[PDB]
Structures are given as structure tokens and as C-alpha cells.
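Engineer: Take a look at this one; I'll ask things after.
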2 protein chains.
Amino acid sequence: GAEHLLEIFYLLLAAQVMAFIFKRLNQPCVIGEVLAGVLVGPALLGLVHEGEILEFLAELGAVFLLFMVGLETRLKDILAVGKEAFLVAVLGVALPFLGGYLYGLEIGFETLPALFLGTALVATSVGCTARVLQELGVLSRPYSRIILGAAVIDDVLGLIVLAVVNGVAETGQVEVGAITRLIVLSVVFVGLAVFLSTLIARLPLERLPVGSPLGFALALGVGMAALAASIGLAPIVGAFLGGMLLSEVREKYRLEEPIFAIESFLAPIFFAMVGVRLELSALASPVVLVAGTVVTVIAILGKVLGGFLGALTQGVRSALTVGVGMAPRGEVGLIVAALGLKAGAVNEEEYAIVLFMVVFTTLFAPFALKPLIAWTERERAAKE
Amino acid sequence: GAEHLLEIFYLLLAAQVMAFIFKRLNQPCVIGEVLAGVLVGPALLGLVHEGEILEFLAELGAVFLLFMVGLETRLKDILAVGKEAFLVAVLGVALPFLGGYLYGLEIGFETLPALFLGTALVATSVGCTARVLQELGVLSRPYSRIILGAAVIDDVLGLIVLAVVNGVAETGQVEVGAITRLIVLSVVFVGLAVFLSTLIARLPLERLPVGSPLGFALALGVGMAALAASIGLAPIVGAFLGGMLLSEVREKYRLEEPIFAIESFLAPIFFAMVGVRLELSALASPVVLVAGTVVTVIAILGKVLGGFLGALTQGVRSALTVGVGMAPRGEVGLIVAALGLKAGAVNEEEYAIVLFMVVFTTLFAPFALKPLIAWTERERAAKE
């Protein structure tokens, strides 16, 4: 009711104000839209509290947020690259996950809670890294295609891991059987989506008893997510594949703009509500600060070697650009933390740590990647 | 959760299918988007049931639906007319309200429930009537401006009535004092909005600590609705005035399209959920059919004289065009019925009647108004 209408108004308003601040600070994405949630949240103001309704508008936020990403993914542009991206993607999953789990047990975690920190480090922000390259306008360059190409695959792998970890979360001590079934269910469904998505362009929706091409995209997006839930996979990342289907007809039917108008509404709520859950005790906690800073460096170095050994193919100057470029975590890492806390496998202390590092990784991207792209362009300006 | 994601998917899907059907039947608006709700609803299929979440997504639907209308209202175009529209608007409120209340007591209603049927007959669909004139492309003609101009004012008056009726609904036997306060609160707030809205064009949002002109429109829209609720006025119609503010800067900042992309998402849910609440007993009820058909004719004739005596100024040929043009009820009439049922002042039998006539009035508009506009154009083609 009007209880929540108010609450939403304070969420949107605070997010707008915090957004104007951070764009003026030249820190593009997924920072102020959280701290705005902290601000308007219980911890500081308390104009908004977490209700079941505002928890759902946070789901649609994450759903539409990854639906937008799945809509902007071209499977022509990626295939010309991804062989070298799939080398980075596998390293992108492998290196930081161990960094989370191994280091996690040393901070006194259990079996399950340790896996969640790893999965939180597995993810990569595909949204923020693209934003950085857009202003530079350098994205057309190949070393940018690898980073984004890997980031797409990596986020899909971050789902399957998270899905398995949650399968072990729901039911403890789960045998490898239920795990292996998710891996098969995931791979086939994705491959079927990829397979179907390639067959979409040849099939216009005109025969479908549909009232308009926008409506069908939505109805398909929510349906693809709901079906993913019935299979026992995260609905958030079940919509991303529903957008891969429509990514080829993206321009033809005029989708990208309106679907972004919806997403630009709901996506703020998701990032705020994640900030709402943060605590005063959580922020500035003596052990969290140390281990939070440490695990952050573990995340970077893991990505450096992962973005080097995997990107080693193209060049030295390029390999470094990929190592730093895969640094940001952002959206999915929150969908991990957000998922883990609600299942009850994530402690308030852990949630602080995850929200601590994602902030500092996103802070690190423009302060680092920006001069490197310049230096790579210089070396290529000589040898061309 | 995935319970509702599913439910939403069946709502959107059914609405899309029912929309393709009705557009093919040449019955433009707010018919299949309800019966789709009946279809997927308990009464027939039962894939969707009414939860608290899907009741809220029905509110945002009605909110964004009237926010869209308030955004498309120009206060330059209206002022050149409205003197003759305000003659129709007052008749538009006066005639059918008595038709509801007087006739209502004869069907065995009480004091309060009788007022709701009247208020349900007070409203006019501004959305459907505009749609009809768009295809004909005749809307630029003046006799179309009166109908729409009156329809805008009428819907604002339909709010204040409904607000008073609800004030008497919440607390029984309410003294004229609390009623008179709402009338003052309503008139001033609207006049202030109208006053402010005229002062908006001179003031671009550029100085506001805002991240983007879309975000501010939303945050303002929800805020204007939430503030309306705290005053004890329907939030649904508190957003309409928040869009009047932005109606002058409508084109400048590129709002109309994206805000319609959101509304084209949420607005279906509102019309479906209204259909969901309908009953098998409600549909095809022996007394409902009679009184439902009767009160429908009472609604038309009330609008005929109201759209004649008020529109009598321009011409005979035009006066008839207005009488029929004000026939459709649509959106707000549901917001009445929907409001009345939840407060508990509306019986299942009454809800049937209101949803019965709005269907038959909307059905009546194209089957009637269409040839009349032609005949008015012919008489004007001779005398020009």
C-alpha cells in the first residue's frame, strides 16, 4: 500500500541524488545505487525497511537487469573471439573461487559458507566494464571484445556454480548426483537456448498470436525465468538466456530502448535493497576490514593471472589490459550475496565482506584500466 | 517468488493472446485484457490467484496507467476549448451519478453501496475514446477536442467523488465536515498542480541533483502519488497530476515513449487482476443481467443529454458526436469497482454489474461513434 509507495519514492529519489553525485565523481556504476540504499535504509535514515513486496521488486530488478544484458549479446560478434575468451573464462572461474574457499576456511568458515564467498568472487561485472570502454569508444578494439566475451561466459558459469552451491545449501551433505544433474540441466538448456537463438532470426513472431513485439519479449522473458525456477535454477539468470533468444532480433523490432526503460526503473531497487540489508555493525567491523581488503587483493591477482595466461595469445600489451579489465564484480556478485543471505548460508559478517570488495573492485577499474588502454593504444600506434 | 513469476508469465501470455484476438475483432481496448484475467483466473483456469504481490503490481498498473494520461495532457490545447468542455464535464458527472444511486436503491442497495455504483458510472475512458479518433485521424477536429477535454476533467471529478464516497466508506455516517475538507484539499492541490505545471517549462531540471530526466519523472510520479495518499486521496489519481507537471516538457526530454514502455508492462496486470476477481456465480446471474443491461442504458442516455446540452454550443451535428463519444467508461470505472470491493462496500453482485456495463459501453463506442463522425464530416463538407 501507500506504506510502500512512500518507500519506493524514497528509494528512487535517494538513488537519483546518489547517482548525480557519483557520475560527478566519475565513478560510473553500481556504487551510489547501493549506498543510497544504505542511506535511506535502516542503518542510517530508516525511511525504507525490507518488506516482502520490496524484496520482489528487487528480484524483477535483477531479472530485468540480466535480461537487458542477454538482449545486448550478439552471437556473431562473440564467435570471432571466444576461443581466446573461453581460455580466460575458465581461468576466471578457477582462480578466484579457490581464493575465496581456501582463504575462507582460514577466517573460520564452514564447508557451505566458504563456497559462497568463492562463488561471490567467481562473478564479473559485464555492465560496468562495458561502460568504461564506451566513453573511451575503444570497445571496437579486440582486447575489449575478449574481456566482454569472457565476462558473458563467466557470468553463465557463475550461475551454475551458484546453483550447485545453493543445491548443497538447501539440502546439506548432498551427494554428487543432485549436483551432476544441475550441471547437465544447465549445459543443455543453455546450449538449447544458444541453438534456438541462432534459429530465431529466420523466424519472425508475425505468426504468433501476439499483440505486439514488446509484449512477447516480456512474456517470453518472465516465462524463460519461471521455467528456470521450476528446474531449480536461479530465475535471475534464467531470464538472461531468454534475452539471448531475442538478441539477434534486438534491432529489428525496437526492443533495446523500451526494455531499458523498464530495467532503468526496476534495476535501482535491486541495488538499493542489497544496501538496505547492510548493518551498522557490519560496516567498519575490525576483522571484516582486514579480511575484506585481503580477499579483494586475492580477487584481483586471481584475475590478473587469469586474464593473462588466458589472454596470452594476442599480445603482452593486450594481456595486461584483460587482466585488469576482468577486475570488476558488480551485479552478479550481489545476486550471490543476496541469494546466500536469504537461504541463510551467509552471515552478516560475510555479507559485509562481499559488499566491501565489490565496492573496491568497481572503484579500481577506472583508476587502473583507463591508463592501460592508452598505453596499449600507444604500443599499437608504433607497431600497427 | 517463482510462484508469482509463473503467475505473471500466465498473465502476460494470456493478455497477449487475448489482445491479438480483440485487435483482430476491431474492439481496441480494455476488454480482452480483463477476460484474459477471467480466463487465466480462478473462475476458469486458475493458473493465477490473487496474492498481495499481484495486487500491488495491479496498483502500479493503475498508477502508471493514469500517469501516462497525465503526461499526454497539454494545457495549451485544452484551454482553447474547455469552457464548452466544462459544461459537458459537469453534466457528465451529474446525470449518470443520479442514474446509479436512484436506480441502485431500487435494486435493494444501502446508502453507501448505492453511491459506489453512481461513482462507477461517473467516470469516462479517456484512453479508449482517443484510440478511436486516432485511426480515423479525425482527432484534430474540434468536436473530438471537446470529448477528450471533458474526459480529462471528468476523470478528476470522478476521483473527488470517489474519494468522498470512500471517506464515508471507511467511517460510516461521516459528517459533512470531513467531506468538505476533501473537496477543498482536492481543488487546491489540483489547482496548485495546474498552476505549477504552467511554471514547469520555464524551469528545466538541469539544476536538480538528478542523474537523468527519466529517473526524475518516475521519482516525481511515485512521490506525487504517495503524497496524495498521505492526504487521504486515492494514490492512483494522485499520479495523474504528477504527470500534468511533466506534460509540457513531455517532448523535450523524451519521456512519452519510455514511460509508455513501463506502462505497457504494468497496465495489463491491473486490468487482468480486475478480471481475476470476477466469479462464476457473478457471470450470467439472473438479476445482474437485467439490472446490468438497464443501468447500462441509463449510463448512455445520461451521457447523451449530458453530451448534448453541454455541447449544444458548437452545433447539432457536433452535439450528437459528443453525446455518443462520452459513452465509454473503461479504466477509472474499474478503479472504482476495484476500490469499492477491497474496502468491502461492493458486493460480488455489484462488481458483476459494473464489470458488465463497462464491457458493453466500450463495445458500444466503435459500433456507434464511427458512422456519426462520418456524418458530421459530411454535413461540414457541405457547410464549411
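Going by the C-alpha cells order, chains are called A, B, ..., each with residues numbered from 1, while ligands are numbered from 1 in the order shown.
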Applying 7 Å and only C-alpha atoms, which residues near residue 16 (chain B) remain after dropping the ones on its own chain fewer than 4 positions away? List them as a ChimeraX atom specification.
Structural biologist: /A:210-211,215 /B:12,20
Engineer: List every residue of chain B that has an atom at most 7 Å from any atom of chain A, and for each one report the closest atom pair and its distance in Å to one decimal, counting only C-alpha atoms, with rows sorted by chain and then by increasing residue number, as a tab-separated table.
Structural biologist:
```
residue	atom	partner	partner_atom	distance
B:2	CA	A:226	CA	6.0
B:5	CA	A:226	CA	5.5
B:6	CA	A:226	CA	5.2
B:9	CA	A:223	CA	5.2
B:12	CA	A:219	CA	5.4
B:13	CA	A:219	CA	5.6
B:16	CA	A:210	CA	5.2
B:17	CA	A:209	CA	5.4
B:19	CA	A:211	CA	5.3
B:20	CA	A:211	CA	4.5
B:53	CA	A:53	CA	6.2
B:209	CA	A:17	CA	5.4
B:210	CA	A:16	CA	5.2
B:211	CA	A:20	CA	4.5
B:215	CA	A:16	CA	6.7
B:219	CA	A:12	CA	5.4
B:222	CA	A:9	CA	5.6
B:223	CA	A:9	CA	5.2
B:226	CA	A:6	CA	5.2
B:229	CA	A:2	CA	6.2
B:258	CA	A:261	CA	5.3
B:261	CA	A:258	CA	5.3
B:262	CA	A:262	CA	5.3
```
Engineer: Keeping only C-alpha atoms, write those residues as an mmCIF file, in the first residue's frame.
Structural biologist:
```cif
data_model
loop_
_atom_site.group_PDB
_atom_site.id
_atom_site.type_symbol
_atom_site.label_atom_id
_atom_site.label_comp_id
_atom_site.auth_asym_id
_atom_site.auth_seq_id
_atom_site.Cartn_x
_atom_site.Cartn_y
_atom_site.Cartn_z
ATOM 1 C CA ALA B 2 8.744 -18.346 -8.524
ATOM 2 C CA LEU B 5 6.869 -15.254 -11.644
ATOM 3 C CA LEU B 6 4.888 -18.141 -13.082
ATOM 4 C CA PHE B 9 4.006 -15.212 -17.063
ATOM 5 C CA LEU B 12 1.184 -11.532 -19.716
ATOM 6 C CA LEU B 13 0.910 -14.517 -22.079
ATOM 7 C CA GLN B 16 -1.024 -11.065 -25.383
ATOM 8 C CA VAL B 17 -3.147 -13.852 -26.878
ATOM 9 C CA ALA B 19 -5.073 -8.891 -27.335
ATOM 10 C CA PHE B 20 -4.290 -10.385 -30.757
ATOM 11 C CA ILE B 53 2.125 -9.072 -4.569
ATOM 12 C CA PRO B 209 20.769 16.849 -8.372
ATOM 13 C CA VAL B 210 19.246 14.304 -10.764
ATOM 14 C CA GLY B 211 21.021 11.537 -12.686
ATOM 15 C CA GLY B 215 14.539 8.922 -13.325
ATOM 16 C CA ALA B 219 10.619 9.500 -8.713
ATOM 17 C CA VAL B 222 5.569 7.919 -7.362
ATOM 18 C CA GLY B 223 6.181 10.783 -4.932
ATOM 19 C CA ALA B 226 2.475 8.798 -2.231
ATOM 20 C CA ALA B 229 -2.196 9.011 -0.168
ATOM 21 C CA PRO B 258 9.832 5.099 -22.300
ATOM 22 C CA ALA B 261 7.165 1.107 -22.189
ATOM 23 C CA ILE B 262 6.788 0.755 -18.428
#
```
Engineer: Residues near residue 163 (chain A), anyone? I mean within 9 Å using only C-alpha atoms, not counting same-chain ones fewer than 6 positions away, as a compact mmCIF listing (two decimals) with N, CA and C atoms, in the first residue's frame.
Structural biologist:
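Output file around_11.txt is given in full below:
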```txt
# COMPACT_ATOMS: atom_id res chain seq x y z
N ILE A 179 24.07 -32.76 -7.75
CA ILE A 179 24.95 -31.75 -8.29
C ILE A 179 25.16 -31.97 -9.79
N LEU A 182 22.34 -30.91 -12.08
CA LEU A 182 22.25 -29.48 -12.36
C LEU A 182 23.21 -29.08 -13.48
N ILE A 183 24.41 -29.66 -13.47
CA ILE A 183 25.40 -29.33 -14.49
C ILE A 183 24.90 -29.76 -15.87
N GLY A 232 14.85 -25.64 -10.96
CA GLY A 232 15.69 -25.50 -9.79
C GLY A 232 16.96 -24.73 -10.08
N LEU A 233 16.88 -23.85 -11.08
CA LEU A 233 17.97 -22.93 -11.37
C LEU A 233 17.52 -21.51 -11.05
N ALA A 234 18.48 -20.67 -10.68
CA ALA A 234 18.20 -19.30 -10.26
C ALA A 234 17.39 -18.57 -11.35
```
